[PDB]
Amino acid sequence: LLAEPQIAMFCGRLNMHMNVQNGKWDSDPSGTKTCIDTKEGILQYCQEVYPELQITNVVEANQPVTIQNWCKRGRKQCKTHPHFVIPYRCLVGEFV
């Protein structure tokens, strides 16, 4: 069983996303994406980290989540300090 696709942001640190395979929060694959302020940008990011999941929409999660290991550019200096944020669920779409 897989975890739910979602992304989490904390300005000043690279974006985090849910590794559906192991349920852990992983840092930005390219090591360059940080917090986004538009819904459209968030949807694009979901599509960027979950390229084959047909993500067509996004919505704020119901519960805040504490996440450790936030990194800075290049996925470097990943401190283990915890920061909790409200993640954005990446919603799979059904094409007709």
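Heads up: numbering here begins at 1 and tracks the sequence.
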Ignoring hydrogens, what is the shortest heavy-atom contact between [X] and [Y]? Give both atom names and the distance.
X: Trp70; Y: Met9; answer: CH2-C, 3.8 Å
X: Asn19; Y: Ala3; answer: O-CB, 4.3 Å
X: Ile7; Y: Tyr45; answer: CG2-CD2, 3.6 Å
X: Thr34; Y: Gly12; answer: OG1-N, 3.8 Å

Side chain to side chain contact (heavy atoms under 4.5 Å, CB included) between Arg73 and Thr32, intermediate numbers included: CA-CA 6 Å; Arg73 181 92 189 198; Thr32 75; 3.4 Å; yes
Side chain to side chain contact (heavy atoms under 4.5 Å, CB included) evaluation trace for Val92 with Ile55: CA-CA 4 Å; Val92 172; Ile55 299 311; 3.8 Å; yes
Short side-chain donor-acceptor distance under 3.5 Å, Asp28 and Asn15: no
Side-chain contact test, heavy atoms from C-beta onward, threshold under 4.5 Å: evaluate it for [X] versus [Y] and give yes or no.
X: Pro64; Y: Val85; result: no
X: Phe84; Y: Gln63; result: no
X: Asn57; Y: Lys39; result: yes

Criterion side chain to side chain contact (heavy atoms under 4.5 Å, CB included) on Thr56 and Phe95, from CA distance to verdict: CA-CA 9 Å; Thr56 62; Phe95 288 98; 3.9 Å; yes
Point-to-point distance, once rounded to the nearest 0.5 Å, from [atom1] of [X] to [atom2] of [Y]:
X: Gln54; Y: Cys90; atom1: CD; atom2: SG; result: 14.0 Å
X: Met18; Y: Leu2; atom1: CE; atom2: CG; result: 11.5 Å
X: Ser27; Y: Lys72; atom1: OG; atom2: NZ; result: 12.5 Å
X: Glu48; Y: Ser30; atom1: CD; atom2: OG; result: 5.5 Å

Residues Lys24, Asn69; criterion side-chain hydrogen bond (donor to acceptor under 3.5 Å, both in side chains); working and verdict: CA-CA 10 Å; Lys24 315 275 85 88; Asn69 311 313; over 6 Å; no
Cluster overlap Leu14 with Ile42, hydrophobic side-chain contacts below 4.5 Å: no
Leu53-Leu91 co-clustered via ILVMFWY side chain contacts under 4.5 Å: no
Flag, side chain of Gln44 to backbone of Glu40, donor-acceptor distance under 3.5 Å: yes
Salt bridge flag under 4.0 Å for residues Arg89 and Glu4: yes
Check against side chain to side chain contact (heavy atoms under 4.5 Å, CB included), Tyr50 and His17: CA-CA 9 Å; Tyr50 301 111; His17 69 281; 3.8 Å; yes
